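Peer 1: In the authors' numbering, the protein residues as written are 17 to 654. Beta carbons: idealized from backbone N, C-alpha and C, even for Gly.
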Amino acid sequence: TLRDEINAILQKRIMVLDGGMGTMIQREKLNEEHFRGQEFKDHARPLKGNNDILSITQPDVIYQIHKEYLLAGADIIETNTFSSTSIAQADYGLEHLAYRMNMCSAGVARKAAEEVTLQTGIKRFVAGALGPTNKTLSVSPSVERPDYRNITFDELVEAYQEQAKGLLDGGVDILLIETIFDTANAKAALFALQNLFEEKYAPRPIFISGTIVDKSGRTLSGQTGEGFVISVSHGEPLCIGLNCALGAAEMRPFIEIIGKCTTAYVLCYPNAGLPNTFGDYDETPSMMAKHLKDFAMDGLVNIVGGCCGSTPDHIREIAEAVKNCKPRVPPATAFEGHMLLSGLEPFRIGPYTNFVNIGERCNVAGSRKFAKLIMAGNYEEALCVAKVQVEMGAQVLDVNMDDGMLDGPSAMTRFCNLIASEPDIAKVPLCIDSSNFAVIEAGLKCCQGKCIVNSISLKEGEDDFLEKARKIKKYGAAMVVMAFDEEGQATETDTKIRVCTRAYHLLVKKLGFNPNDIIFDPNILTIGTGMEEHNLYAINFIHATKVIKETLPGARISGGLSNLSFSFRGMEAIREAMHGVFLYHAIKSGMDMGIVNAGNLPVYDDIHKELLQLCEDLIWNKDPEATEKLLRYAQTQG
Ligand SMILES: CN1c2c(O)nc(N)nc2NC[C@@H]1CNc1ccc(C(=O)N[C@@H](CCC(=O)O)C(=O)O)cc1
């Protein structure tokens, strides 16, 4: 296929990609009438600056620019489709022409590429450019309305699907998602491409490139380079990297950081310097070539090019500068064995990582204050619960909106839109928790980075479990599997182990799920209720954790720690002691994380030895009188 050829080429030499088409068009200096051409002379809206209309109104200009860039030593050419989406063309009243526009852009690029290939023999590739669109999905249009978004995930998916249909019909060699101001739009584009690649179309190599705004190392949406790489890696892009907004000097540390994270190839095409007082990117090709040669000699990049200001002369010098340099060797084992999550910043859970706290208080069912604020519609104050949880050591936030008095998906969407408006709350990943999959999907469609999906199980059969897991894998998030199957909840140790193994071997084999993104939950259940059957639950959970961690490679273990101490509600000291004692054994067992009250967990040495011993008898069933002995001890505190 085409991906095999591109991979073979990238393993031997550095590939040169396009340049400043948007500036070469300004060098033509077309007026209003050239934009209209023959067909759009009757159009009632001005097409000034619509660089994508030239694929039909002035095809010769675009073809000649492609030819000049191609003879300037370039190897990959972007199609003239930066704003050819139905949303970007809305400012010009050409919503209905996106498919035709993309077909004609692909054709006019393909003719030039084929002619140059016939001239030189060196095969040239055409990359379909998917624009970021002026609409942002993670950034509110207005500061006063943080939860408001003027575009949704489904609309963006539909528009990008419409664009990529025309691109694929035209026969583009590569699909390129570039100048990403918001990685959520990149995820939507990947979603549309994944729909297309299974509905009719054969797969294509996928190129992704972000845009770092300034020296902060963060995109316009606030996410850093590692977070971006983690967020968009679920689509398995052949190449990732940066472009624009920074020269070849300021971009080097971020390219280093990104190349240290991804196992895919690194593509870098920056600006041609900085804007002068006259508005021109005046860095001569001599400095650009030497800077890209410095990038290549160190082994930072595998594809080089140029952003705005890169005339074909810049590409002509660069293709000679990087002619002899060896390609970058990717870190084929980059963070092997780790679990990669992301918010505005990367989050990693490796073999040596300590116990990971997941905040429980962002739960309508489980939290009193959060539920009281949510039913009142005061999400503005409800964000403070997540803020305080993060301030108290919670590394992931668990969001649950399941209630019969609330519209699930709408509340979940509003809260996930409000979360992204605050940086420190948004830098930690989210755990999307709901018994309804329509709420999990709504939560995933709003998240910027890579999140965790909670409460999926084998309850409704193997087929439904596989369908849900396939949808989640397409969404690219983490997944918590409950110990629940067709026969009911798993209470015994062997039942938990059987259910978890059956879930694991379906995901890994039938679906090809990533083994490091599976988080089994052996269903921590309440003890101390005074019922005989409610005594062994901690023991079965611990033994099942041991057995699962010792036999399922990569799979993590979590649990609802607060569920264990339901019988002692109101006696918060005993609840904290029980949580600490249970954690001391679960972490030793292999419990990687859990939905825990992050700020209310004590160290195993602090707990009073009498209370610690009583919790030990109750948890480990060392004494049938422990459940009453604990209450008897509690009554002494009055
Ligand atoms: C059901 N359980 C659970 C689970 O067992 N497994 C998974 N994967 N996920 C989850 N998520 C929900 C739940 C764990 N979350 C909880 C569990 C218990 C509580 C709780 O007891 N809250 C106290 C109030 C505490 C407060 O007001 O802050 C109460 O009296 O209800 C609060 C949150």
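(1) If you measure from each residue's Cβ to the nearest non-hydrogen atom of ligand 1, which ones come out under 7 Å, in chain order?
(2) Assign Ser450 to one of two classes, buried (16 or more other C-beta atoms within 10 Å of its C-beta) or exposed (fewer than that).
(3) With DSSP as the reference, label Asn259 as helix, strand or coil.
(4) Taking only the alpha-carbon atoms, compute the straight-line gap between residue 656 and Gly147 and give it to the nearest angstrom.
(5) Pick from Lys645, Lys461, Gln74 and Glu592: whose alpha carbon is nearest that of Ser581?
(6) Return the chain-ordered list of same chain residues with a C-beta closer than 7 Å to the C-beta of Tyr115, the five sequence neighbours on each side being excluded.
(7) Taking just the CA atoms, how far does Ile435 sit from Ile555?
(8) Under three-state DSSP, which class holds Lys466?
(9) Measuring straight from C-alpha to C-alpha, what distance separates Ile256 and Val320?
(10) Ignore the nearest five residues each way along the sequence and tell me which others in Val188's own chain have a CB closer than 6 Å to its CB.
(11) Do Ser237 and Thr279 have their beta-carbon atoms positioned less than 8 Å apart in this structure?
(12) Would you call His624 buried or exposed, if buried means 16 or more other Cβ atoms sit within 10 Å of its Cβ?
(13) Based on Cα-Cα distance, which residue from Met303, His330 and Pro343 lies nearest to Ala312?
(14) Is the region 285 to 303 in contact with the region 161 to 174, if contact means three or more CB pairs nearer than 8 Å?
(15) Decide if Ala218 is buried, meaning its Cβ has at least 16 other Cβ atoms within 10 Å, or exposed.
(16) Could you tell me the distance, in whole angstroms, from the CA atom of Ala387 to the CA atom of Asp414?
(17) Nearest to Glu171 by alpha carbon, out of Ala205, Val159, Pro157 and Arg140?
(18) Go ahead and pull the three-state DSSP assignment for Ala24.
(19) Quick one: what's got a C-beta closer than 8 Å to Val406's C-beta in the same chain, skipping five residues either side?
(20) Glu508: which of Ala560, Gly546 and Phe529 sits nearest, CA to CA?
(21) Taking only three categories from DSSP, how would you classify residue 656?
(22) Could you pull the start and end residues of the alpha helix (DSSP H) that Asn201 belongs to?
(23) Assign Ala602 to one of three DSSP states: helix, strand, or coil.
(24) At the level of alpha carbons, what is the spacing between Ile196 and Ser247?
(25) With H, G and I counted as helix, E and B as strand and the rest as coil, what does DSSP make of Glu55?
(26) Helix or strand or just coil, what does DSSP make of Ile81?
(27) Would you list the one or two residues that DSSP bridges to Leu356?
(28) For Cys467, tell me which candidate among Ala494, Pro569, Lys475 and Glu457 has the shortest Cα-Cα distance.
(29) Count the other C-beta atoms from every protein chain shown that fall within 10 angstroms of the C-beta of residue 15, then say buried if there are 16 or more, exposed otherwise.
(30) So, is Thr240 buried or exposed, given that buried needs 16 or more other C-beta atoms within 10 angstroms?
(31) Report the residue from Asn118, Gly53 and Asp34 whose alpha carbon sits nearest the alpha carbon of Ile81.
(32) What residues are listed by DSSP as bridge partners for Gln105?
(33) Going by DSSP, what residue range makes up the alpha helix (DSSP H) through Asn433?
(34) Which residues does DSSP list as the beta-bridge partners of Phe141?
(35) Going straight from the alpha carbon of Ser102 to that of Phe557, what length do you get?
(36) Name the DSSP beta bridge partners of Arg572, please?
Peer 2: Walking through what the data contain:
(1) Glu376, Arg377, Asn379, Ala381, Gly382, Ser383, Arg384, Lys385, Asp414, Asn416, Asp449, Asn470, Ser471, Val496, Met498, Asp537, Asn539, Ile540, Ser574, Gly575, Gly576, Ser578, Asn579, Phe582, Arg585 and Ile611
(2) buried
(3) strand
(4) For the chain, the structure presents residues 17 to 654; residue 656 sits outside this window and is missing.
(5) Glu592
(6) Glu178, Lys181 and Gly182
(7) 37 Å
(8) strand
(9) 12 Å
(10) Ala122, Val142 and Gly144
(11) no
(12) exposed
(13) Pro343
(14) no
(15) exposed
(16) 14 Å
(17) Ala205
(18) helix
(19) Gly375, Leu413, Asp440, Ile441 and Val444
(20) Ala560
(21) No information on residue 656 is available, as it lies outside the stretch 17 to 654 that the chain covers here.
(22) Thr199 to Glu215
(23) helix
(24) 12 Å
(25) coil
(26) helix
(27) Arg364
(28) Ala494
(29) This structure cannot settle anything about residue 15, because the visible part of the chain is limited to 17 through 654.
(30) buried
(31) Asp34
(32) According to DSSP, which records beta bridges pairwise, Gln105 is partnered with nothing at all.
(33) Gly424 to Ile435
(34) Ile92
(35) 52 Å
(36) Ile535
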